[PDB]
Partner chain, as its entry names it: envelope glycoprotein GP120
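One chain follows as structure tokens, the form deposited without its partner chain.
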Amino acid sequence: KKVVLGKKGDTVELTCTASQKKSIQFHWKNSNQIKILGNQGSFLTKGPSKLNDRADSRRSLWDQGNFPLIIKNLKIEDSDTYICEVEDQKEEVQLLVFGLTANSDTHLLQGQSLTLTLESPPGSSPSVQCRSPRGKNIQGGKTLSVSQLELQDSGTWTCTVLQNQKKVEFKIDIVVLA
């Protein structure tokens, strides 16, 4: 069902739209049924889980049949199936948080292998397509690599990743001396 991918550090918003009579009783949970957030009657109630100080909702839409789940500071461990339950309707949504980093420090001199990675979640091995201002790209996933570094690289590289029919991209900055 809903595959939604996030970028480590940034926020995401999953969707949960109801088929009811506008604005009702609902809640979001994680794979194991520990409640994340819902509604003590008319307002929002977030449990005590590991995501409380960073989980949220938009109660203004609990009027037009929508109950989202907002998460800030995306951690890769934040990945797992979340479930929304709006009255008699259940809705599965898997979150895959991906983080692309520069196993160097995102800087480099003129001539040495540049290594990135892609730190994955509890349930995945992903595919990377990092282009570069200079057309080409590398492949693989968990670690990519290069070999030598042609000085025309202190610009913007582009880095896409697509999971279970869905995609995200980490456009990065690289630096090359002389």
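We call the rigid core whatever largest set of C-alpha positions still superposes within 1.5 Å between the two forms. Positions refer to the first chain, counted from 1.
From this point on, the text means the form solved in complex with its partner chain, which you will not see here.
S.K.: Tell me, yes or no, whether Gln64 is in contact with its partner chain in the bound PDB entry, where a contact means a heavy atom of each within 4.5 Å.
M.R.: Looking in the bound PDB entry, residue contacts with its partner chain include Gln64, since a heavy atom lies within 4.5 Å.
S.K.: Going by a heavy atom distance of 4.5 Å, is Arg131 a contact of its partner chain in the bound PDB entry?
M.R.: Flag for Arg131 set to no.
S.K.: If you check in the bound PDB entry, is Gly135 within 4.5 Å of its partner chain, heavy atoms only?
M.R.: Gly135 lies outside the contact set for its partner chain.
S.K.: Contact between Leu44 and its partner chain in the bound PDB entry at 4.5 Å, heavy atoms?
M.R.: Contact with its partner chain, yes.
S.K.: Scan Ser31, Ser113, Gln152, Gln110 and let me know which has any heavy atom within 4.5 Å of its partner chain in the bound PDB entry.
M.R.: Spelling it out, the residue with a heavy atom inside the cut-off is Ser31.
S.K.: So which bits of 65-91 sit within 4.5 Å of its partner chain in the bound PDB entry, heavy atoms only?
M.R.: The stretch 65-91, when checked against its partner chain in the bound PDB entry, contributes only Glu85 at the 4.5 Å heavy-atom cut-off.
S.K.: Only one of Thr158, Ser154, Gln25, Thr11 shifts by 2 Å or more at CA between the shown form and the other one when the core is aligned; which is it?
M.R.: If I go through the list carefully, the shifting residue is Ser154.
S.K.: Using a superposition on the rigid core, decide whether the Cα position of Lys72 changes by 2 angstroms or more between the shown form and the other one.
M.R.: No, the C-alpha moves less than 2 Å.
S.K.: For a quick test of reading the superposition: does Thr101 move by 2 Å or more at the CA between the shown form and the other one, rigid core aligned?
M.R.: No; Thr101 is a residue whose C-alpha shifts by less than 2 Å between the shown form and the other one when the cores are overlaid.
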